[PDB]
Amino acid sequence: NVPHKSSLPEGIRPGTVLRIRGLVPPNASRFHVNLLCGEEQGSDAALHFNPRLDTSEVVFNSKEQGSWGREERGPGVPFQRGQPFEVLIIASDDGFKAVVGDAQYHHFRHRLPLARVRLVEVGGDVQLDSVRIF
């Protein structure tokens, strides 16, 4: 892996599916997937998906003008150190649906306009095998 970025300079529309395949390293503490509204530093985050192995939670949030919004959490932690995982982030008209493995995990309703998303960035403690956008 590596702090991985995929620019989407022309944006995305409902019906776009982000498929991330990878592995949580043995001593991982946390990793994240951000759908950002620009390439500049401090850009708003339409979505911050943050599995935290250290605190056993998975947090969802948005970032606007530098401030994080209200945190949402899914049930438990469907990730485990030393194991492979597959996540689908689906963009629909009303939000992003997150699927982990074979289960629907959480539905995050849009906070910022989907039309503003211009970049996908994956970072933290994660071994990335592939990131596809369908």
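All residue numbers are counted from 1 along the displayed sequence.
*Asks:* Using the B-factors recorded in the PDB entry, average over the C-alpha atoms of 43 to 51 and of 26 to 34, then report which stretch comes out higher.
*Replies:* Stretch with the greater average CA B-factor: 26 to 34.
*Asks:* Select between 5 to 13 and 117 to 125 the stretch whose C-alpha atoms have the higher average B-factor in the entry.
*Replies:* It is 5 to 13.
*Asks:* When the modelled residues of the chain are sorted by Cα temperature factor, does residue 73 land in the lowest, middle or highest third?
*Replies:* According to the entry, residue 73 has a C-alpha B-factor in the chain's middle third.
*Asks:* Is residue 104 in the lowest, middle or highest third of its chain when residues are ranked by C-alpha B-factor?
*Replies:* Highest third of the chain for residue 104's C-alpha B-factor.
*Asks:* Is the Cα B-factor recorded for residue 95 in the lowest, middle or highest third of its chain?
*Replies:* For residue 95, the deposited C-alpha B-factor lands in the middle third.
*Asks:* Going by what the PDB entry lists, where does residue 67 fall on CA B-factor within its chain: lowest, middle or highest third?
*Replies:* According to the entry, residue 67 has a C-alpha B-factor in the chain's middle third.
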